[PDB]
Amino acid sequence: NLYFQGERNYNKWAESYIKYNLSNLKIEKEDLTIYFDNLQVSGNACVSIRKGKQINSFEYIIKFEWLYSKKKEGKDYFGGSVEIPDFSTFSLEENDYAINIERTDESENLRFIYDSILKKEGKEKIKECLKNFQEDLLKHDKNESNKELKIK
Amino acid sequence: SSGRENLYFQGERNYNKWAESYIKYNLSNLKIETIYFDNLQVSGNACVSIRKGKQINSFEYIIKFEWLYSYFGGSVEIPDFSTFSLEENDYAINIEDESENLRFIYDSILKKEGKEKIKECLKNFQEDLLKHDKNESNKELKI
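Going line by line, the protein sequences match chains X and W.
Be aware that the first sequence starts at 2, since it is given in the numbering used here, and climbs by one per residue.
Be aware that the second sequence starts at 22, since it is given in the numbering used here, and climbs by one per residue.
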C-alpha cells in the first residue's frame, strides 16, 4: 500500500551515491594521500510525499577499505577497513554516527597513519563527504516525481 | 490518489475541440468513388493525462452524419466511438430510403465498403490524439 500511497524505493541510487562519494574522497596531506575502495553498502532509502512535504527514511551499513599513497614516491598501499554501522535519517541529523577504522596489521607505519590522520581528520572528512546525503536523496526524489508526472 | 500525485499531477488535458474537428474534417472529406458524407454532428469528450510515467487517454463520442450519392441518401450514426473502440475497430455503425436505388447501393456498397472506409478514415484517431498531445508538449521546448 505504501507504493500506491506514493512511497518510492531509492536503494539503487543510494548505494551508487554512497559508493561514488567515498570512492572519490581523497585526504590530501603533504607526503600522503588517503583514499577508499571496495565499498559494500547495505540498507534502504525511501521517500514519500505527505501534504506537500517530503518524508524520508534511510539506514545503511557502509563497509569499505582504506588505502594510502606515499605521494612523493608513487606507491599505493592497503591500510585496512572502515565500518559505518549506522548511517541513517536519525544519525545524520545529529552527525553523530560511529566510524570504526581498523588497521590490516600491527605495523608501525599504519599506526602512525591511523593516529596522525585517520582517527580524527579522516573521520571528519568521511562525515563531510556524506553530509549531503539526505538533501541529495530529496532532489533525486523530486526527479522521480518529474519522471512519473511531467515527462511525456 | 497519493500525496505525490496531489502535489505534482499536471492535470487532465481536454481535447474536445481537436477531437470534434478531426472526426468532422476526416469524415467530411471521405468519398467513395460517388458517395459523400455531410451534416456532421460530433458529441462527446476526449482527455489525455500523464500518470504512472505514461500518456493515458480516454474518449467517448456519438457521431452522426448523413450520406449523399451524386441527392440526399440518408443518415449514419456511430453510437459509441470510445477509448478502446480502435483496438479492433469493432464498434457499430448504423446506416439508414425506401426506393430500389437507395437499397441496391446500401447493399452493394455502404453495408461493407462504406463501413470499412468510414472505419479506415477514423482508425488512427487515438494514435493521432496521443501525437497531438505530445506535440502540444513539444510546443513549449524551443521557446
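The C-beta atom is built at its ideal place from N, Cα and C for all residues, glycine as well.
How far does the beta strand (DSSP E) with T34 of chain X in it extend, from its first residue to its last? Its beta strand (DSSP E) spans residues 33 to 51.
Hey, how far is the Cα of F93 of chain W from the Cα of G135 of chain W? 16 Å
Between the CA atoms of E136 of chain X and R25 of chain W - distance to the nearest angstrom: 18 Å
Using three-state DSSP, classify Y36 of chain W as helix, strand or coil. Secondary structure at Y36 of chain W: coil, using DSSP grouped into helix, strand and coil.
Can you give me the C-alpha to C-alpha distance between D128 of chain W and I116 of chain W, rounded to a whole angstrom? Rounded to whole angstroms, the separation of the alpha carbons of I116 of chain W and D128 of chain W is 11 Å.
Write down every uninterrupted run of the beta strand (DSSP E) in the stretch 79 to 125 of chain W whose length is 3 residues or greater and which is fully enclosed by it, in chain order. 93 to 103
What would DSSP say about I77 of chain W, mapped onto helix, strand or coil? strand
For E149 of chain X, count the other beta carbons within 10 Å of its own beta carbon; 16 or more makes it buried, fewer makes it exposed. Which is it? buried
For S158 of chain W, go through chain X and note every residue whose CB falls closer than 8 Å to its CB, in chain order. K153
Would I35 of chain X pass as an interface residue toward chain W - the criterion being a Cβ-Cβ separation below 7 Å? no
Would you check if there are 3 or more beta carbon pairs closer than 8 Å linking the stretch 55 to 68 of chain W to the stretch 88 to 107 of chain X? no
DSSP three-state label for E161 of chain W, please. Coil.
To the nearest angstrom, report how far apart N50 of chain W and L107 of chain W are at their CA atoms. 20 Å
How many angstroms separate the CA atom of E8 of chain X from the CA atom of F59 of chain X? 12 Å
Between the beta-carbon of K72 of chain X and the beta-carbon of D32 of chain X, is there less than 7 Å? Going by C-beta atoms, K72 of chain X is nearer than 7 Å to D32 of chain X.
If you count every other CB in all the chains shown that lies within 10 Å of the CB of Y21 of chain X, and 16 or more means buried, which is it? exposed
Could you tell me the distance, in whole angstroms, from the CA atom of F5 of chain X to the CA atom of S23 of chain W? Rounded to whole angstroms, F5 of chain X to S23 of chain W spans 7 Å at the Cα level.
Excluding the five sequence neighbours on either side, which residues of its own chain have a C-beta within less than 8 Å of the C-beta of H153 of chain W, listed in chain order? Around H153 of chain W: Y36, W39.
Rounded to whole angstroms, what's the CA-CA distance from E84 of chain X to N147 of chain X? Just pull it up for me. 35 Å
Secondary structure at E29 of chain X, three-state DSSP: helix, strand or coil? strand
Proximal residues, the stretch 31 to 56 of chain X versus chain W, C-beta separation under 7 Å: Per Cβ criterion, the list reads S49, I50, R51, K52, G53.
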